[PDB]
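Fold and geometry: a report
In case you want the letters, here they are:
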Amino acid sequence: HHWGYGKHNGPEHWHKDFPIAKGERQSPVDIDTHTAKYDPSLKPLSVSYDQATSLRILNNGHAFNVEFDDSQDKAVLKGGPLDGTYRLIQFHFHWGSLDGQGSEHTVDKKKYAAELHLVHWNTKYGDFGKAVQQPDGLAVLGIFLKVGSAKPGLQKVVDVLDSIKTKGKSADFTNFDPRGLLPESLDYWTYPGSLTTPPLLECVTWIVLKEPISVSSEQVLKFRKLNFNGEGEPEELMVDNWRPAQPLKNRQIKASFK
Ligand SMILES: COc1ccc(C[C@H]2SC(=S)NC2=O)c(OC)c1
Ligand SMILES: [Zn+2]
């Protein structure tokens, strides 16, 4: 596994090692707001993060992950399109080199400056590694970021990034409340898709919030100071760590709202 985001190892190459890259339910996708259809069968969405227990932040050479204790049903996602209970395991972001790109999903071809992914696994499968092998194994809550006013609840993340500059560095990251990263509205679009990095497994129910959160230019500039490289290696800024939109194929995008 030597994949990344550059010319030589980026998204256009992934299919060689991971042929599912050209599969029937790949992510991300463009969300055509006019075509997406309100679905009255969707049950109310339930984001229950009050007992979330963050543990650590890790630069893995692709993004940074904020990791949670998922040894029990602390923070969970239910409802909406979902049957059963999905436990929060981690969140991370994808972002650009400039404010006009960075998101993975697009909205009528619009690219946001970044996209937050809150990753949850279906507890009926017992562990995350088993869940990723199932078509309904994961639920990813995707939230767009635009540049404007600062997001206060993001600043503790921003301020630890200096300590995890390079690939393989981690830091303690306890007591972080992911509720501070949500927008006011839980209106969403949903469709069946995949992981957006290798191994590209077709195991995700996507729930993409319609309302972006606002972050400041200063906050996102700090994301852009991270490195893809390890300590001591030539600097490669961690920017443009997004996969472009993939073919929708035989899928419909459903809206939770009228
Ligand atoms: C093997 O299981 C994996 C591997 C990689 C990722 C991260 C990808 S998938 C996504 S959506 N956005 C991302 O960056 C997973 O989600 C953590 C799950
Ligand atoms: Zn992601």
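The coordinates are above.
Residues numbered from 1 in each chain as written, not as in the entry; some residues may be left out. Chains lettered and ligands numbered in written order. Heavy atoms only, no water. Residues with missing side-chain atoms left out of burial classes, pairs and counts.

What surrounds ligand 1 is the set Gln90, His92, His94, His117, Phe128, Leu195, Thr196, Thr197, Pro199 and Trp206. Take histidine 94: an N or O atom from its side chain is 3.4 Å from an oxygen atom of ligand 1. At 3.2 Å, a side-chain N or O of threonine 196 approaches a nitrogen atom of ligand 1. Taken by itself ligand 1 offers 440 Å² of open surface, and the protein chains cover 81% of this. The dominant element in the shell around ligand 1, judged by the number of residues it contributes, is strand β7 (residues 86–95), at three residues. (Near = heavy atom within 4 Å. Polar contact = N/O pair within 3.5 Å; in protein donor to acceptor, adjacent residues only side chain to side chain. Areas by Shrake-Rupley, 256 points an atom, 1.4 Å probe, with all protein chains shown as cover. Helix = DSSP H or I, 4+ residues; strand = E, 2+ residues; numbered from the N terminus.)

Below, the discussion takes up the side chain of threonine 85. Position of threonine 85 among the secondary structure elements: in the loop between β6 (76–79) and β7. For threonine 85, a relative accessible area of 17% gives the class buried. Beyond its immediate stretch of four places on either side in the chain, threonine 85 contacts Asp73, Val76, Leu77, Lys78, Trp121, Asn122 and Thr123. (Buried < 20%, exposed > 50% of the residue type's maximum accessible area, 1.4 Å probe, protein only. Contact = heavy atoms within 4.5 Å.)

The description of an aromatic ring pair uses the distance of the two centres, along with the angle that the planes make with each other. Scanning the entire structure with this criterion turns up 15 aromatic pairs. For the pair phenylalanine 91 and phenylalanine 176, a centre-to-centre distance of 5.8 Å together with 55° between the ring planes defines the contact as tilted. Of this pair, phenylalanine 91 sits in strand β7 while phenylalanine 176 sits in the loop between β11 (170–172) and β12 (188–193), and the two are 85 residues apart along the sequence. Both residues of the pair, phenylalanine 91 and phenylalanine 176, count as buried. A ring pair is formed by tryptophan 189 and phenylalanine 257, whose centres lie 5.9 Å apart and whose planes are at 70°; its orientation type is edge-to-face. Within this pair, whereas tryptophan 189 is found in strand β12, its partner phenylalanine 257 is found in the segment after β15 (254–255), the two being separated by 68 residues in sequence. For the pair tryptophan 189 and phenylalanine 257, one class covers both residues: buried. Within the aromatic cluster, the residues linked to one another by ring pairs are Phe64, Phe68, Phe91, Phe93, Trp95, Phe173, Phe176 and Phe223. Above the face of the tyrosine 112 ring, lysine 110 is positioned so that its terminal group lies 5.0 Å from the ring centre. (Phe/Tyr/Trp six-rings, centres within 6.5 Å; stacked < 30°, edge-to-face > 60°. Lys NZ or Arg CZ within 6 Å of the ring centre and 35° of its normal.)

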